[PDB]
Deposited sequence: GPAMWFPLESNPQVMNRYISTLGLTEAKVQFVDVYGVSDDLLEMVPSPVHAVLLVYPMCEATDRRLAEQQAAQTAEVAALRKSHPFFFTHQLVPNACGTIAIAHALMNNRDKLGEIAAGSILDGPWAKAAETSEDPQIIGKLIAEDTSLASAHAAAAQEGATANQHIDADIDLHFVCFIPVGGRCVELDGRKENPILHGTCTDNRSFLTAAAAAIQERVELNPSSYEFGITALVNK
């Protein structure tokens, strides 16, 4: 029904066709696989990385750690929203999280994307449109988005999984999880490579507690 979507699988080919359907007419970015979090595997990732996407199963331990990070970080997260503004939305619909993650990656990298087709989902009211609840509502309600998501999900088709997005913001590796109140702050970083290291370190901490990792890179 309207308020439960089919799950989108972590699959770069499916994701790349999807972002085309969302309105990227000639995408200058693409998703690729990240094969793991060792230095060896990270070296294989193209550079620069604009965003790291992760699908993972929640464990109570991981959820615990996140609660403590949220509680430790309220002040610094508020400061960062002002100092280095970024796009964050809540996820109001179950299983919308692959789309939220892709939205997070794209909308925090508009300068990289290429042309957005006039009239496309990415040109839509939510995309133009502050508060994560309000944006979240509009995304949850966009029937064009829901329909495109369904089609992408089906293309990939043949334990509480969550899909999230890591971006660099003001010298910090930031996790955008639409199922959390606030962005989560992880390691510090100074350049793009150290951001990838910081995202990988956050991921590796949960691996020890399977995972699908992708990266948004230039095409």
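Quiz item: Counting from 1 along the deposited sequence, which stretches lack C-alpha positions?
Solution: Deposited residues absent from the model fall in 130-133, 163-170, 222-226.
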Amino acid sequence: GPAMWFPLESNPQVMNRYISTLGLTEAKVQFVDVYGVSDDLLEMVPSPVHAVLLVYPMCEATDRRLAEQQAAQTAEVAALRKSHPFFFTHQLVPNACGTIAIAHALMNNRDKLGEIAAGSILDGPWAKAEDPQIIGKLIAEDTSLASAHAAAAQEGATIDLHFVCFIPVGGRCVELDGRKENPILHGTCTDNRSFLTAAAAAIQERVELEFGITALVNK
From here on, numbers count along this sequence of modelled residues.
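Quiz prompt | Higher-scoring stretch by recorded Cα B factor average, 131-139 or 100-108 | solution = It is 131-139.
Quiz item: For the C-alpha atoms alone, is the average B factor greater in 50-58 or in 22-30, going by the entry?
Solution: Mean B over CA atoms: larger for 22-30.
Quiz item: Out of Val217, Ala3, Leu8, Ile213, which shows the largest CA B-factor listed in the entry?
Solution: The listed residue with the largest C-alpha B-factor is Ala3.
Practice problem: Could you check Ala150, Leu185, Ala157, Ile167 and tell me which one carries the biggest Cα B-factor in the deposited entry? | Solution: In this record, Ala157 carries the highest C-alpha B-factor of the candidates.
Practice problem: Taking the values exactly as deposited, rank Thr197 by C-alpha B-factor within its chain and report the matching third: lowest, middle or highest. | Solution: Ranked within chain, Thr197 CA B lands in the middle tercile.
Quiz item: What third of its chain, lowest, middle or highest, does the C-alpha temperature factor of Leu209 fall into?
Solution: Highest third - that is where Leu209 ends up once the chain's C-alpha B-factors are sorted.
Quiz item: Compared with the other modelled residues in the chain, in which third is the CA B-factor of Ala67?
Solution: It falls in the top third of the chain.
Practice problem: Determine, from the deposited record, the chain-internal third of the Cα B-factor for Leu161: lowest, middle or highest. | Solution: Ranked within chain, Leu161 CA B lands in the highest tercile.
Quiz item: Based on the entry's values, in what third of the chain does the Cα temperature factor of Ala117 lie: lowest, middle or highest?
Solution: Highest third.
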